[PDB]
Every structure is written in structure tokens, then in C-alpha cells.
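The next block holds one structure in the form of C-alpha cells; read it before the comments.
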Amino acid sequence: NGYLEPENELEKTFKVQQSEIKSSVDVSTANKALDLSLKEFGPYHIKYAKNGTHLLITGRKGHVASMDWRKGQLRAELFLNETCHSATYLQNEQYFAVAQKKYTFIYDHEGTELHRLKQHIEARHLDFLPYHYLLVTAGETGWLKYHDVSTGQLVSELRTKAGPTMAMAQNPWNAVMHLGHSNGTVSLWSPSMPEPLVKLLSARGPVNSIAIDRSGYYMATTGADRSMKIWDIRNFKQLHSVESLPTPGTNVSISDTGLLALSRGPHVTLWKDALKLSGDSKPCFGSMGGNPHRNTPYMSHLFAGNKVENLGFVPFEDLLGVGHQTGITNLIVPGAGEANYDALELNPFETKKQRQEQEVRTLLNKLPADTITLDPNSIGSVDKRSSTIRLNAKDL
Amino acid sequence: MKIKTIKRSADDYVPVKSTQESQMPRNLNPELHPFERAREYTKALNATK
Amino acid sequence: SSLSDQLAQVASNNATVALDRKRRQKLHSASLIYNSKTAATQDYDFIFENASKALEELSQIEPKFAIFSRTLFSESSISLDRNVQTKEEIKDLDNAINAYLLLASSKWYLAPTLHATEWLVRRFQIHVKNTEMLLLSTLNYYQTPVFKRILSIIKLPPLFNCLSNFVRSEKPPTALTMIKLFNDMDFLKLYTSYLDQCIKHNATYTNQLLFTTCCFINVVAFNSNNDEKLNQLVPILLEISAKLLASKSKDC
Amino acid sequence: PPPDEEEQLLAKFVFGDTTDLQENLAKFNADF
Amino acid sequence: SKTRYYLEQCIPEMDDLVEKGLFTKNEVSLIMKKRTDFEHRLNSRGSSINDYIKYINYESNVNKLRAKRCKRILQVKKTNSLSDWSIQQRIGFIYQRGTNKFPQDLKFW
Amino acid sequence: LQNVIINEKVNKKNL
RNA sequence: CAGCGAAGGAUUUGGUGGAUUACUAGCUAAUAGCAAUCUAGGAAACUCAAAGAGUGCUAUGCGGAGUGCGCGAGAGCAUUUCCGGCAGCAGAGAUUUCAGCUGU
């Protein structure tokens, strides 16, 4: 993995200019740090693919473009007149679902539409559970609903009973969806049982954003109380709680190396070593008198005047795509990526034939919609009843 | 101040000539490969079918 | 601007880096020697070893190439990747390439320099990135199949735009099109810069100077009946006239 | 224990150590 | 892909060769990089005897560097580890693979 | 009131 | 054909710049700091995208010994039995490699 370090006592890691690292880094990554400027349509939600291969931009007015960004390749660029809140890819670059004004639509590789969902009667946040082939939607109505996108079925019409769903986020390790409502409740859900599995109470007021670490072990949340919480998940214990950051945190995103990303409206602030369990690893803003027991943030970047509506890291590169009002920017964050991707599942050099074969392999090995569990290792177990020691018909 | 990023370098991963096979570089991390039990359970279902 | 051209810019930016197998073979298949289905199966060591043989025979017919053996045609050069290293060493790389290109500007009648430069094309990718010095170094041989080949494989710079209907056409570009290439001072200031480097390296010779002088008198001929254009065109032709007299060669 | 010149000439082949090439490339100027 | 099988056949000799102090991991990953490329070019399709020859040449050179850093750092002739026979036995294994795949050329024979 | 509530309806469709 | 008529006339079309609403300066954590820092219609291709079929392509698994057995042997058993140490000797072999001895 890449990294940086001060290697002095004067300069710091956070007051490092993107111009400076774009000068001191190689030409390929300095060329990959793209900055699209799109003005006439609205704020641009950003969704990369599961690998780093493509990019889906949505303007809130009308504008969705699925494009390769490494090579400049227009795949599907369409202005549909109604508003689009968010959108995502499905399993490849070949399909992408856009959450339009009310009806959620899904689209082919070249921009044709394929399904106007009669259900998902509105939508605000989509996600895709990739091993389960489940397109999950939540929004203004209190309905979290799951869609098996392979056979085109519905799976679960889960009633939230908590008003709208302010921010949802997928746990990438046990595939439970963490909704965060207006109550401060971050309730985490599975399509098998209607009652919400586990109702965390993270923040006060509405919860603005949730982001799950890729190891499934930490959950970072921001509320409109100007508060950010780090959560253990496997033990359900509030790790540490940054109170009173000087503006409401709009979005959080955690990279693939445990790297916290907080969007403070016009700011992007990145903390390294913020997902440990100590008291040192609480992310702060100042080393008070030069205190070596703080997390002064790893990097920071103040934008010009534009509200950043969503962060999102690039999977297998050291750069994060942040989406704001007047367009998209990639930010060189040198420790923000798995260098050693595993090419058996997802590959940033994948060609056409292995793309077809990898998707049909996942399509045969799609996990069923029932085994979404709070812990993934509870399938080869025995029942909690029908007691442990077996009896071989001698003492019954 | 020392800065280095990934050096993907596009030569070890895509072959130089059009016949030899590319790498499948590979990380055996349980962090990478998420569902052990459900995935190989469904492979057992597919095998019995 | 719009999205399509806004990322056609980044496509032209990262045209040098191969991102998968199809773009890799469409980039590797450019060659000064072999055609497409032959060139797509070469490896780097093969063209490197026959290029090093071409270089050493070219270095015994001209004693100023062992430096390029030591620093550009070495054995580590087949592992040296261009677009993986920083701007300062890529600046070192392409000024060394420009040194080689003006030095080997003379030898294009003889095939050792073709096999010497083809590995440089195939490895350091001068047919996309370092295109300008290549074109206006080999511009003298414009009736030759080496120039037809190199213009068929080149990506055409914004200056030489009159040649874009001569790519992959069997007709060599004509003298009138060469004059219409030479007929703007945006090109001419470039070409005078190049001739200044040729003077201060003494890489001048009787064929490049003949061709340069013939195109300059044809430019002045086209601008005979344009007084404003001729008065605009004075301080570059007279400038290299005075820089041309500062050298020692009778021909310049 | 000091590193040997012949050992490091072998190491430039074993590791593919192009920093000698980059150093010589930077050091090279048009002196002729 | 049996190239993965060969590539993790060669791990334990470099494991012991790193845990005793003659290489470090920051360069055994480099020789592992070049060994990965060589194995892929070897048991890929459309391969050649020159690929086998360069693999033999590289492995003989890293054997000689192994002996050089063995007598320099450890000041002994050998460290009686697994590596000392391993590197030439896999040279012989490369030779065996090349003769089975290409029994034509008497130069490689 | 408290931090976390974990309800214990064991699921009769992954029994 | 005509006339009009100051060193040309008359058209096609791209790009940029200015308007298309009524002109109080930029940023941020905003009773202040910043502005150097918030830090401690048909046809060309290398135009691309998506499928399909055919042709190929290999698609491709402790050691020298010595010591007693296994019907001239290795296809297994088993090891201190010397070694895979040190310099020299002198027979060789292209400085570094082998052949037999002294001590070790």
C-alpha cells in the first residue's frame, strides 16, 4: 500500500496541498486525478463500480452518465427530464439503476431502459448486495424493499415504522442494511424477518450518513446534531464519539484500509488510524500544544464554495471521488486503497470474456435471500435448541 | 515529506504480448472474501443438484 | 464544456497507458517494421536485442551512440516504464530522446537506424507522446516509405493538421502540402527552435538544410503579395539567418 | 560487512534496479 | 492456473532465506515479482525456449548472488537451510519442463 | 434510555 | 445586354467574447480572521458497444554415496557411516573449478 509521513517535526500530514502531491506523484495517478466540471445540471452523486473500472454520475436535475473514467469512454449518457436522487451499478458496468422522481428505473449498458419498477414507489437511497444479487431501495415512504434482480422478483416489503430513511449503508461483510432514520436510530435490517434486527441509537436528531468498514467491524455515523460516532458492530459498543464538529457532517465514507472520510459541507477531512479501540484513536482537530496523542487528520481539502453531496472512495486506487455541486473531483489520498486486489472475484483489468464468465459464475453462486444473517457464520451450526450432546437411543 | 502511492504500472498485470496469460494477482484475506459459509454451502447445493 | 469532449481530453491524456488486453494490443501493434498481426506477438526482449545489434553497427558507423547504449539502450531499459515515473525523470527521458532523434535525423536512408529506433518507438512510446521532435526530425524524407509508415502510425499533433488526409494513404504528401504546413508562424517558430538545437549540436547536414531552405523560399514565395504577412514573417527567418551564420558549416 | 561492487552489479540484474539508469539519464547532457 | 501452484511451491525457501538475515522482504518481493512474470511467460500459451533460457539465466544469477551474500553477510560457505539445494533443484526442474515441452532443439538439450 | 436493543426472534425461515 | 459602383463583389459555416431579469466585490467555523494558512436517406474505420459461430492453442503433475535387505539393479525400507569444513601438497581443468594425502 502507499502511504505518506511527515519525516520532520515541522510540517504536518493534513496541510499538504493536492498540487504538491500531484507534483510529487507519478504521471499516471496524477493524470487519473480527474476533475470534471459540469455546471448546468445539479449536484452529482457519485458511484464507482465494485472495482475501479467505471463511474456513474447523477445530477439532481436530469443527468446520468455511466462512463469509464480511466480511459475516456462514454458508455451511457442520458438526460431524463425528471429529478434523479441517487443511482448505482448493479453487478457490472452493464446495468445501472437510477432512482428517478418517483419510479426507480434500471438501465442497460448503452442507456436504454429495461424496467420501470412498479414497486419502489419512490426512492432516495439504492444499494446493491453483490453476492446476493439484491437491489435494495429505501426512501421517503417508510418502506425498505429488496429486489432479487436476477429473476426479477421482489423479496421483502419491509415496513420501517420510522418515517423516511435518511441514510442507508450496506455492511459489506454480513450483508445487513443499516438504515438511519430521523430519530437518530440506526436500525440494521435483514430481508428474512420484518422486525429490524438491531436498533442502534447513535446520534440525536436525524442521522445524516452511515458508512461501514469493509471488514464489517466498524460503523461511522454522522448526525445533524453535529456529531460523529464510531461503532463496534460485532460487539455493539460505541467506540468513541466526536461531539461538536463545527458544522453538520454531511457524509462519511470509510476506505478499504480503514480511512475515515468526513464531508463538513465544503470540507473533506480524512483521518488515518481512527478505527482502533484506544483513546488515542479518537479523531480530533488539534494537537493541543503539539500533543502526540491526538489524531490530527491525515489529510484535508477545502473546496471553493460547493457543498459536497457524497464522498466515495475508489476501490483499488489511492484516490477518492467526491461529488459536489459543480461536478466531480478525484482526490489523491495515498493510503486509501487495497493495492493487492484479488483477481478471482473482481478485476480492474477484466476483459469482455472474463466479464461474462465472472458474472455468470456469481449468478450461479448467488446466495439466497434468506441467509442474510447478523453473523455470517451461523449456517453450518446446529440449532440453539435440540441440545448439544447427542444421545444415541439408550437413555431417552 | 515522503509520498508514494500504488504503482500499478500496467505491465505486470496486462501482458506485453497478445498470447501470454495475464496474472491473476491474489490476496487470501478473509477481509477480502466475505461470506465463507454461505458461499460454499451454495456450492454444495449446486453440486448436489 | 460538455462531458463528451471533457473526457475526450482525459482519454487523450491517458492514451499512452494500456488498461486491458484490447487496448494493449491496439497500442503494441504500432511498429515501423512489422505489420499488425506480426507485431502483436513480439516481446520486448526480441526487438530489444535486434535493436541493440542495429545500434552497435550504427555506433561503429557513427561513434556518438555508445552514450545511448549506456543510458537509453541498456538492459534495464526494457524494464523501465515511461508512464510510471515522475515528471522530472520523464523530462530527463524525453530530452534524451530528443538528443537521440536529432542525432539520428541523418541516418534514415539506411535500415540500421530503422531497427534502432523501432524499439525506442515500441518501448518508450514516442509515436504518441514524443511526436513533435520525431516528425520535424524526419520531415526531410517525405517521399519515403519510412515517412509514410511513421505518419501511418503517428497520432497527429495539433500543428501538422494539413497531413491528416495523408494518414494511411499510399500517396506520399506532396511539396505543396509541405509548404502549406510551413505556412504559419506558429509552425515556423517551432521549426526555428528545432534548427537552433541542430545548430548548437552541429547536427546540421546537406539534406536537412537543403529541404529547410527550399521550404523557406517557397513560404516567402507564397507570401510575396501579402505585405503585412511578409513583414510579420521577417523576424523569424532573419533570426535564423543570423543564427545560421554563427555556425561553421559552409552549407548552412 | 561492506557491500561488494561485483555483488551490486549482480544485484542490478537480479532486482531490475533501474536507479542507475535513471541516475545516468539525469546526469547525461549534450556535451558534444 | 497451475502457475499459482508453482509460485507458491517456491515460497518456503525464500521464507527461510528471509528469516535468516541475508535478504529482506523488500527485495525478495522483487525477485518474487520477476519470478511470477517468468512463470507466467513459461507456462502460458505460445511460449518459447528463449523464455526458458532467460528463466535459467535469472535463477542461476540469483543463486550466485545467494552464495555471494552468504559468504559476505554470514561469512560461511552455506547456512544448511532449505534454500541451498532448492534453487538449483528448481533450475533442474525448469530444465525438465523445457525438455518435455520442447524436445526439438539440441541447443537446450 | 440505553444504547442498543437486540431482539431475539429466532427466524423460522433459516431454521 | 444594361446600369450601380473610392486600392474587390456576393454567399455558406465553426469557435470565442458581450447581452438576453435590475449592475452593493471572494472564502470560512462569520459582530472576526483569510486573501502566502488555519495550524501547536445510402457508403469508408484502427469508430466503439453487445451478442453468436467457426478456426486454432497443450487445454498440460535433506544430497553424493556407503551400509543390509527388495529378483546386475533401483522401484522402497535405514542412516552418523564419511561428507556437503579449514588451509597446504601435487595430478589436472578455464583468476575459479575437479582428482587423491597431512593435520583438522
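Just so we're on the same page: first chain in the C-alpha cells is A, next is B, and so on; residues restart at 1 for each chain, and ligands are numbered from 1 in the order they show up.
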
Would you tabulate, counting only C-alpha atoms, all residues of chain C that have an atom at most 6 Å from an atom of chain A, showing the closest pair of atoms and their distance in Å to one decimal, sorted by chain then ascending number, as a tab-separated table?
residue	atom	partner	partner_atom	distance
C:7	CA	A:72	CA	5.3
C:8	CA	A:72	CA	5.7
C:10	CA	A:72	CA	5.9
C:11	CA	A:72	CA	4.2
C:20	CA	A:349	CA	5.1
C:83	CA	A:28	CA	5.9
C:84	CA	A:26	CA	5.7
C:85	CA	A:26	CA	4.9
C:86	CA	A:26	CA	4.4

What does the file look like for those residues with N, CA, C and O atoms, as a short mmCIF file (atom, residue, chain, number, x, y, z; two decimals), in the first residue's frame?
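The result, stored in out28.cif:
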data_model
loop_
_atom_site.label_atom_id
_atom_site.label_comp_id
_atom_site.auth_asym_id
_atom_site.auth_seq_id
_atom_site.Cartn_x
_atom_site.Cartn_y
_atom_site.Cartn_z
N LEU C 7 -14.15 14.54 -21.31
CA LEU C 7 -13.40 13.33 -21.05
C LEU C 7 -12.71 12.75 -22.28
O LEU C 7 -11.91 11.83 -22.14
N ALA C 8 -12.96 13.30 -23.47
CA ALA C 8 -12.04 13.02 -24.56
C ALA C 8 -10.67 13.60 -24.28
O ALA C 8 -9.65 13.06 -24.73
N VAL C 10 -9.31 13.56 -21.24
CA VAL C 10 -8.59 12.62 -20.38
C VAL C 10 -8.31 11.31 -21.10
O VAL C 10 -7.35 10.61 -20.77
N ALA C 11 -9.09 10.99 -22.14
CA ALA C 11 -8.74 9.86 -23.00
C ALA C 11 -7.45 10.13 -23.76
O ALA C 11 -6.59 9.25 -23.86
N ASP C 20 -6.28 -2.63 -20.61
CA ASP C 20 -6.67 -4.03 -20.71
C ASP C 20 -6.03 -4.62 -21.96
O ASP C 20 -5.18 -4.00 -22.60
N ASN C 83 5.32 5.79 -18.29
CA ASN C 83 4.27 6.45 -17.52
C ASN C 83 4.04 5.79 -16.17
O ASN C 83 2.93 5.41 -15.81
N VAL C 84 5.12 5.64 -15.41
CA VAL C 84 5.03 5.15 -14.04
C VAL C 84 5.93 6.01 -13.18
O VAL C 84 5.95 5.88 -11.95
N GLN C 85 6.68 6.92 -13.79
CA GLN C 85 7.66 7.68 -13.04
C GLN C 85 7.39 9.17 -13.19
O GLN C 85 6.65 9.60 -14.07
N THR C 86 8.03 9.95 -12.33
CA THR C 86 7.66 11.33 -12.04
C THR C 86 8.02 12.24 -13.22
O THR C 86 8.71 11.84 -14.16
#

I'd like a table as CSV: residues in segment 18-53 of chain C with an atom no more than 12 Å from segment 30-51 of chain G, each row giving the shortest atom pair and its distance in Å to one decimal, only C-alpha atoms (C1' of nucleotides) counted, sorted by chain and rising residue number.
residue,atom,partner,partner_atom,distance
C:22,CA,G:46,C1',11.8
C:23,CA,G:46,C1',11.0
C:25,CA,G:46,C1',11.1
C:26,CA,G:46,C1',7.7
C:27,CA,G:46,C1',10.0
C:29,CA,G:46,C1',9.9
C:30,CA,G:46,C1',10.1
C:36,CA,G:46,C1',10.1

Using only C-alpha atoms, select each residue of chain C with any atom at most 12 Å away from an atom of chain D, and give the selection as number ranges by chain. C: 63-65, 67-82, 85-86, 88-100, 102-103, 197-198, 200-203

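Summary of the local environment: counting only C-alpha atoms (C1' of nucleotides), residues at most 7 Å from segment 86-101 of chain E, other than itself and those fewer than 6 positions away along its chain, are residues 13, 52, 56, 59, 63 and 109 of chain E.
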
Write out the residues from the selection above, keeping N, CA, C and O atoms, as an mmCIF file, in the first residue's frame.
data_model
loop_
_atom_site.group_PDB
_atom_site.id
_atom_site.type_symbol
_atom_site.label_atom_id
_atom_site.label_comp_id
_atom_site.auth_asym_id
_atom_site.auth_seq_id
_atom_site.Cartn_x
_atom_site.Cartn_y
_atom_site.Cartn_z
ATOM 1 N N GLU E 13 11.468 -21.717 0.641
ATOM 2 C CA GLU E 13 12.892 -21.430 0.585
ATOM 3 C C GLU E 13 13.152 -19.945 0.769
ATOM 4 O O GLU E 13 14.059 -19.563 1.513
ATOM 5 N N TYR E 52 12.509 -20.049 -21.539
ATOM 6 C CA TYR E 52 13.138 -20.995 -20.614
ATOM 7 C C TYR E 52 14.593 -20.635 -20.330
ATOM 8 O O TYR E 52 15.064 -20.770 -19.196
ATOM 9 N N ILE E 56 16.323 -19.720 -16.747
ATOM 10 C CA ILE E 56 17.501 -20.415 -16.237
ATOM 11 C C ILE E 56 18.608 -19.432 -15.895
ATOM 12 O O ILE E 56 19.256 -19.544 -14.844
ATOM 13 N N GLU E 59 17.713 -17.510 -12.711
ATOM 14 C CA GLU E 59 17.798 -18.297 -11.491
ATOM 15 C C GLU E 59 19.232 -18.651 -11.148
ATOM 16 O O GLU E 59 19.584 -18.710 -9.966
ATOM 17 N N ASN E 63 21.091 -17.463 -7.776
ATOM 18 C CA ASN E 63 21.845 -18.439 -6.996
ATOM 19 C C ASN E 63 23.240 -17.924 -6.664
ATOM 20 O O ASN E 63 23.715 -18.077 -5.528
ATOM 21 N N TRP E 109 18.719 -28.981 -25.185
ATOM 22 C CA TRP E 109 19.117 -30.297 -24.688
ATOM 23 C C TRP E 109 20.570 -30.301 -24.241
ATOM 24 O O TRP E 109 20.900 -30.810 -23.165
#

Shell around segment 32-49 of chain E at 7 Å using only C-alpha atoms (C1' of nucleotides), local window under 4 positions removed, as a ChimeraX atom specification: /B:12,19-21 /E:3,7,28,53,55 /G:57

For the residues in that selection, give me N, CA and C atoms (P, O5', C5', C4', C3', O3' and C1' of nucleotides) as a PDB file, in the first residue's frame.
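Output (result.pdb):
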ATOM      1  N   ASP B  12       2.864  -5.678 -15.400  1.00  0.00           N
ATOM      2  CA  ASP B  12       2.796  -6.968 -14.746  1.00  0.00           C
ATOM      3  C   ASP B  12       1.396  -7.542 -14.797  1.00  0.00           C
ATOM      4  N   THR B  19      -0.344 -13.115 -26.604  1.00  0.00           N
ATOM      5  CA  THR B  19      -0.575 -14.538 -26.431  1.00  0.00           C
ATOM      6  C   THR B  19      -0.390 -15.013 -25.008  1.00  0.00           C
ATOM      7  N   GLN B  20       0.527 -14.426 -24.258  1.00  0.00           N
ATOM      8  CA  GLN B  20       0.825 -14.954 -22.940  1.00  0.00           C
ATOM      9  C   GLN B  20      -0.263 -14.538 -21.966  1.00  0.00           C
ATOM     10  N   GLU B  21      -0.395 -15.310 -20.899  1.00  0.00           N
ATOM     11  CA  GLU B  21      -1.513 -15.118 -19.996  1.00  0.00           C
ATOM     12  C   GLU B  21      -1.185 -14.090 -18.930  1.00  0.00           C
TER      13      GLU B  21
ATOM     14  N   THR E   3       0.195 -22.097 -12.601  1.00  0.00           N
ATOM     15  CA  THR E   3       1.239 -21.130 -12.306  1.00  0.00           C
ATOM     16  C   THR E   3       1.181 -20.686 -10.857  1.00  0.00           C
ATOM     17  N   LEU E   7       4.198 -21.010  -8.179  1.00  0.00           N
ATOM     18  CA  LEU E   7       4.575 -19.798  -7.476  1.00  0.00           C
ATOM     19  C   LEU E   7       4.473 -19.934  -5.972  1.00  0.00           C
ATOM     20  N   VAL E  28      13.006  -9.562  -1.659  1.00  0.00           N
ATOM     21  CA  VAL E  28      12.527 -10.878  -2.046  1.00  0.00           C
ATOM     22  C   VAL E  28      11.157 -10.756  -2.694  1.00  0.00           C
ATOM     23  N   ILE E  53      15.307 -20.156 -21.347  1.00  0.00           N
ATOM     24  CA  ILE E  53      16.722 -19.827 -21.215  1.00  0.00           C
ATOM     25  C   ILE E  53      16.905 -18.643 -20.290  1.00  0.00           C
ATOM     26  N   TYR E  55      14.810 -17.691 -17.994  1.00  0.00           N
ATOM     27  CA  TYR E  55      14.486 -18.120 -16.638  1.00  0.00           C
ATOM     28  C   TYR E  55      15.649 -18.854 -15.990  1.00  0.00           C
TER      29      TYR E  55
ATOM     30  P     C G  57      -2.877 -25.401 -33.550  1.00  0.00           P
ATOM     31  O5'   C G  57      -2.923 -24.653 -32.147  1.00  0.00           O
ATOM     32  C5'   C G  57      -2.071 -23.554 -31.868  1.00  0.00           C
ATOM     33  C4'   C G  57      -2.133 -23.207 -30.408  1.00  0.00           C
ATOM     34  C3'   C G  57      -1.961 -24.388 -29.469  1.00  0.00           C
ATOM     35  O3'   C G  57      -0.595 -24.645 -29.198  1.00  0.00           O
ATOM     36  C1'   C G  57      -3.837 -23.073 -28.807  1.00  0.00           C
TER      37        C G  57
END
